[PDB]
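If you want the building blocks of each chain, they are given just below.
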Amino acid sequence: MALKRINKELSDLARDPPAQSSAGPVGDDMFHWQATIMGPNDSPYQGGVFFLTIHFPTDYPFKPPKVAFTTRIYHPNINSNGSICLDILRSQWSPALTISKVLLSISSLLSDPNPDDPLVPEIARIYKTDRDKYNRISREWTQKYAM
Amino acid sequence: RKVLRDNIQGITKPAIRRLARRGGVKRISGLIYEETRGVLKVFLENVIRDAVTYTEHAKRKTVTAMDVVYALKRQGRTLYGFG
Amino acid sequence: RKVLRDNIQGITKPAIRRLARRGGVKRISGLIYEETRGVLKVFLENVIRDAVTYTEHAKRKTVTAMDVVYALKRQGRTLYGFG
Amino acid sequence: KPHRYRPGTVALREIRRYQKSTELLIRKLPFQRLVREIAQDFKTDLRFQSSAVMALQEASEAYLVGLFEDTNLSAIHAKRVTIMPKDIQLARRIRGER
Amino acid sequence: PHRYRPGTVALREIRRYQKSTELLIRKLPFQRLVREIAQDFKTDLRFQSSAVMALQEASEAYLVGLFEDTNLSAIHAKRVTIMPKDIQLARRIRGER
Amino acid sequence: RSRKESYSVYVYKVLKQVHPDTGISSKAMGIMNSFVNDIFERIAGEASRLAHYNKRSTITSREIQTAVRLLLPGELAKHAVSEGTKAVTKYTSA
Amino acid sequence: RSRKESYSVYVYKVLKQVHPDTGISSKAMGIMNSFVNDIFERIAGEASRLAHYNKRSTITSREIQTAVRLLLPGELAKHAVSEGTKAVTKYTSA
Amino acid sequence: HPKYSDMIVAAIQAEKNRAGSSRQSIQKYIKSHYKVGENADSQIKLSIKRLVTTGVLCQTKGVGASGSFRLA
Amino acid sequence: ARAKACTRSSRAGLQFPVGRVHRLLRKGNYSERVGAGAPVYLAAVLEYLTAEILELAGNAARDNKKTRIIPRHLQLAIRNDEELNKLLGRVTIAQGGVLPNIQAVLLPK
Amino acid sequence: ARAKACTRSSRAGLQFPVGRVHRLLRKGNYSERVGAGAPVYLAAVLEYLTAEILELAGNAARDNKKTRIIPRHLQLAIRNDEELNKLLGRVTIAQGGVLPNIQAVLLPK
Amino acid sequence: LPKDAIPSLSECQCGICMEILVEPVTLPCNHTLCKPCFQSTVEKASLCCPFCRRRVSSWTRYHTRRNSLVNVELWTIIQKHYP
Amino acid sequence: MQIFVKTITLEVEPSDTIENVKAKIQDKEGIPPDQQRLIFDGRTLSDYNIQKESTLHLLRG
DNA sequence: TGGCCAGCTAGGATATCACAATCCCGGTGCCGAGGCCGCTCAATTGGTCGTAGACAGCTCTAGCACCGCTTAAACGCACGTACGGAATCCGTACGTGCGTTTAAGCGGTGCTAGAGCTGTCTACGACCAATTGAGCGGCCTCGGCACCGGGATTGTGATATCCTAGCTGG
DNA sequence: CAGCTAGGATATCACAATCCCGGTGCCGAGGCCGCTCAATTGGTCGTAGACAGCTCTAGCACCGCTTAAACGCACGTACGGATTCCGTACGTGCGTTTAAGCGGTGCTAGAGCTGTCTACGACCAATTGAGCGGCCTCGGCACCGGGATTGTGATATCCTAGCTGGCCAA
Ligand SMILES: [Zn+2]
Ligand SMILES: [Zn+2]
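Residues numbered from 1 in each chain as written, not as in the entry; some residues may be left out. Chains lettered and ligands numbered in written order. Heavy atoms only, no water. Residues with missing side-chain atoms left out of burial classes, pairs and counts.

In this section: the side chain of F:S48. Along the chain, the position of F:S48 falls in helix 2 (residues 26–53). For F:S48, the contacting residues outside a window of four places in its chain are F:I59 and I:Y30. (Helix = DSSP H or I, 4+ residues; strand = E, 2+ residues; numbered from the N terminus. Contact = heavy atoms within 4.5 Å.)

Next comes the structure, spelled out in structure tokens:
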């Protein structure tokens, strides 16, 4: 039963809310959650607010959750489907971490994309070749959709 | 469903004596029988474990002669006379 | 092209004694220094006769480390650290 | 007068007897019961071919005879004629079974 | 003067040689023995130094194991002195003869 | 200029995963390579024999499970099978 | 209705060429078949490993000579090699 | 040779041991000083038993013909 | 545009080369065809065995107050663990030595 | 209508089936391709070994005044010959028994 | 030691499942978790320690054969003060 | 109607494209819509002439 | 009164006879070795076609040879102790045999699980062409560890203090 | 009958060997670097075997009857082990004798890599005869009851030694 752990994590999140990000269930289903994050400061995505989706598999905290973007964004390590290529979601999963750390890591990857293992080859090419162009395009798309 | 146990005493003291006599043993101590029970049980456990694995790899409920032959052959005690 | 047979005496009494010391032997009777070097040459003949036929099959003139490793492996004496 | 042989004299004759015959020396029915009892611990309700049970007995008896030869040699080496459980342990340990 | 009673130096040698890993046989006479043995199967053969080292490692390990078995046989015979009877018994039991 | 292959890189990575701050001698690395090759040959040979016995022509994970069960003893085999099935499951999940 | 094969006919022919007036039990014939299969597998396994070691891809009589030399001991191996070479020579003659 | 009784008494007198002479010491002494036949070991064993039962020899160690003896 | 190259080992979260294992299997004349999951399973098994050996070897090395693993440490790790000892009972390790043990009869008393 | 079929065993003047051995080799996953003389050599070797064992077993049977070879005779033939005994030292023969021998210490004297 | 002789509920609860410790198992990294959470997370993800990434495979195989996994002392202490 | 995926049954009438079916699959199970494919986006069920109780199959991820 | 010789009794060893076990013999009856048959499937036949490997030509790695100092290891010897082995003695464990108790084996019957074989269809792996970065050797440098000299701890061997029983002398 | 002397064990003292610790240089662990070859991806084709359906082998259960084997108990021989005891084959520790080890330069067999090409083996269809199972039967041998040879054990007889008694001599 993952319900006890999910409820405890939600209770702790309510006890210690984050600063720029926010999440929680958007219904009676504790397995399906929506996460709302703001563009980190000094980033091209700054100003826009991104909404995320969560689907908890029925083994938490011993399996990573199904989390992706519901907000269109311009990031190499993120596909057009909103999926996120992150180790704590794929390999670095551990039952001893909190969702807030996951969101902070997501924001860090937004500030620090990894072109070594991207999800869109063109965005990684732009990020490696023209950092200013990536910063412009990410800001433009943040204004277009995340704003 | 026909659970049985305590079959190790089926290897009777005269049977162990007959085996030792073929081995060329003249006089036998009284403590040989229990330790022979133990040794035989260990050997049979090690062989049947591989035989059953061979059978259940082929997905059938019947332990055949070839499975036992392979289980013995992989333990360095090849046995002839069973194909 | 002139190697005599005296090299068996190359394995000295102190060398055999320290080998036994590593093996855990307390004291050694005097007749052992001949039995052990009798055993060692029998072992070496078996290994070398298999290494040399490997080299012959490879049509080579020198005996490589892999030849000895294969010869040991086929005798159930696998050796690590040379390939 | 009750005629009795000296101890060991019939042991030698039965050694000669059993070293000439090739029959199985263990009783087949209890051996099969033992084999099934052992196999209970790996898969339940397993079924055995009679030839498979015979092969198991044929291997086990040969293994035990081979073990007894070496454990008799060890007892002789210790300068006595009665084999004792320490001899079996020594034989198994030298052979590398333990 | 000073005199260690018999056995103690042997025990300290046992402790010393069971802690080290060096090759216990002199390299040059071992090489000469190897070349002498191989000289009958084929003449004028050549050897890699790695091959000779492999042969020496295997032979030393085999001898150490044989001595380990032969010590237990002698102890079983209620002695502390190894003698060729024990070597013969160990070789016979291990199926080498 | 024949390029030869070994498992030194992967052995070093696993060593860094287990003990983050321990080195390994060059001679020990060769021993690990020999160990890896030996185990690979044992398992592959056992799987080939299983496939030939069962009149198959394909070596799948089903054969390798049985080969590991035969070769490795007891709890080591249990853990090895647990590790192998988990990796296959993750590989098929993607 | 599976057609299974053995070496019983050939064993019987050799037995009649050796002892023309000797019978063989059914169980003894099975033992001979098991022995034949065991030796065949030993020789083939040795030859395959030789071919792999020497970076070849064809098993020829040259590998089988060496496999026999490795497997059979002493006088038996010498006689077997002598027998095999003669048969190969005769076969290549025609 | 003189009687085995006298040879045993002579052996114990010759060997000035604090414990007396052992059966083995008596056996060695008799074989080195007298022309004895192959049966000497049995005759010494029998004679020691007799001399202990007659009270000519006092047992100092062991039981029966095994051990060490002194003249009473 | 085709795709980015992700290694099968990374797919399975392994360290050993799944592709190399597959090549060795299908070039080793083990069967006519090779299944897809077989190299994945085999690489995981090999990685587990190597990790199991290395943990004990590192523990032995640190018990000896050294930071590099030498074959002596491998021998000490193998011959102490019962499972690995039984797995590698017929294996000689070069520069390995033996496990220090003395029969209690030979000790002075 | 091409030519009369001659078996390769007849070409080599053997008894064991050269064709069957050749098929077994290439269907045995031993190597990619098989040389032409390999089945000939292998069949010759197997025929020689079987001839040796049968000769010894027949001698053992006629020493027992019987006409049909039984596993007891095969065991007696194998254990007496040193070469075959070392060749099949790890082989158990069903219904074989043991070679009759008693250690001289146990004999009464 | 767990700590302690009186493990107040906050410590007496599992570090993962957060329920009362049922048959707690003390890891070589001195971490304490219940038998269910342990027997899940062992073969569940990576055989590692969820807390400090410690490998436990050798410890786990050492203790499984001898059935020394369950911390008897703390498991008895919990029964004295908690259900 | 009924729709089979090779498993959560059943799904939309012959009125929703592949994208909506994938979105509902993600909502009902958590499997990503685009991961991995549909074997039998902008295509519909009637475009492939998919009848009721048809067996579907559901790389990039 | 003591010593020596002769006779008688007791014990031990050797030889012979008897008893039992395995053995050697035809008789007799059951059934599996071995042969005849005819159908079938695996081996032979002849042709294409591709690549393994033999054979040649070149490159340079590692195996090998004689050389001369500097030790540490081998050797041969003196000495004596603890270990091996031979010799005897006592108690009971393990062999033998008998009567009673137990269940294996036999063979005859009745039941179905599941082994093993067929046919259908498709998911999976071989194979090829194109592509790309993981893994290789080459290069470098520096910290882990071998080597060593100068003090410390533990174990083994030896001596001195306290304890019992036996003998000679008073 | 008592004290003194010889044989014993425990505690304390001294010497030697394995140890350990902080300094010092030396080379291989380990890291980066850039090229390249083996892994990957994307695509075609065919076939291995997963599965479903059907057959009939042989694995299982169960029962009554015969009898041989297992069991357990009585009894005593010969074996294992406990004890003493004696001789030298071992280990220990000197000094003198030796060849292993190292670093050295020099000399090249032969290992090992490439690039050519053709003899050899894979792969194939069409041809057919060796090898298979089915069927049948009788000679080999398992099994039994009668009479024989060899080995072992027990008993009896004979010979040798020991002890006691008697006689003779001093
Ligand atoms: Zn828990
Ligand atoms: Zn931890």
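This part covers the interface of chain I and chain F. By a widely used convention, the size of an interface equals the accessible area lost when the partners come together. Each partner contributes residues to the interface: chain I has 51 residues there, and chain F has 50 residues. Across the interface of chain I and chain F, roughly 4900 Å² is buried in total on both sides, 75% from carbon and sulfur atoms. Summed over the shared surface of chain I and chain F, the number is two salt bridges. Ionic pairing is found between F:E5 and I:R20, a salt bridge with its closest N-O pair at 3.5 Å. Inspection of the chain I/chain F interface yields 14 residue pairs in polar contact. Elements supplying a minimum of two residues to the side of chain I that touches chain F: helix 1 (8–12), helix 2 (18–27), strand 1 (33–34), helix 3 (37–63), strand 2 (68–69), helix 4 (71–80), helix 5 (82–87) and strand 3 (91–93) of chain I. Considering every element that reaches the side of chain I that touches chain F, the biggest residue donor is helix 3 of chain I, with 19 residues. In the side of chain I that touches chain F, the residues fall into 31 nonpolar, eight polar and twelve charged. Sheet topology places strand 2 (residues 58–59) of chain F next to strand 1 of chain I; two bridges connect them, and they run parallel. Each bridged residue has a counterpart across the sheet, and for F:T58 the counterpart in strand 1 of chain I is I:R33. (Buried area = accessible area lost by both parts, 1.4 Å probe. Salt bridge = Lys/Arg side-chain N within 4 Å of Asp/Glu carboxyl O. Polar contact = N/O pair within 3.5 Å; in protein donor to acceptor, adjacent residues only side chain to side chain. Nonpolar A, V, L, I, M, F, W, Y, C, P; charged D, E, K, R; others polar. Pairing = 2+ DSSP bridges.)

Ideal geometry at a metal gives 109.5 degrees between four tetrahedral donors and either 90 or 180 degrees between six octahedral ones. Residue and element names in this part refer to chain K. Ligation of the zinc ion (ligand 2) by protein atoms is provided by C29 (SG), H31 (ND1), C49 (SG) and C52 (SG), these donors lying 2.1 to 2.3 Å from the ion. Note that the zinc ion (ligand 2) binds four donor atoms; their angles at the metal cover 58 to 132 degrees, and the shape is irregular. Donor residues binding the zinc ion (ligand 2) come from one chain and are separated in sequence as C-x1-H-x17-C-x2-C. Among the residues examined, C29 registers a relative accessible area of 15% and is labelled buried. (Donors = N, O, S within 2.8 Å, 3.2 Å for Na, K, Ca; no water. Tetrahedral: all angles 85-135°; square planar, octahedral: opposite > 155°, others 65-115°. Buried < 20%, exposed > 50% of the residue type's maximum accessible area, 1.4 Å probe, protein only.)

All names here are of chain E. Taking 1.5 Å per residue as the helical rise, helix 3 (residues 49–76) with its 28 residues ought to reach 40 Å, and the 41 Å between its terminal C-alpha atoms agrees with that figure. Within helix 3, 23 of the 28 residues are buried, which leaves it mostly tucked inside the rest of the structure. Positive phi appears at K78, one or two residues downstream of helix 3, with a value of about 60 degrees. (Expected span 1.5 Å × (residues − 1).)

The next subject is the protein's contact with DNA strand N. With respect to spatial proximity, 95 residues lie near DNA strand N, and among them D:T9, E:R12, G:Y10, H:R50 and I:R23 are the closest. At the protein interface, 96% of the atoms of DNA strand N within 4 Å belong to sugar or phosphate. Backbone polar atom of C:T62 to a phosphate oxygen of DNA strand N: 2.7 Å apart, as the coordinates give it. Within the backbone of F:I24, one N or O atom sits 3.1 Å away from a phosphate oxygen of DNA strand N. (Near = heavy atom within 4 Å.)

Our focus in this paragraph is the pairing of strand 3 (residues 68–71) of chain H. Regular strands have side chains that alternate between both faces of the sheet. All names here are of chain H. Across two bridges, the pairing between strand 1 (residues 21–22) and strand 3 is antiparallel. By the bridge assignment, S22 is partnered in strand 3 with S68. As judged from the four bridges shared by strand 2 (residues 57–61) and strand 3, these two strands associate in the antiparallel manner. By the bridge assignment, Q59 is partnered in strand 3 with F69.

Shape descriptors only; they carry no functional weight alone.
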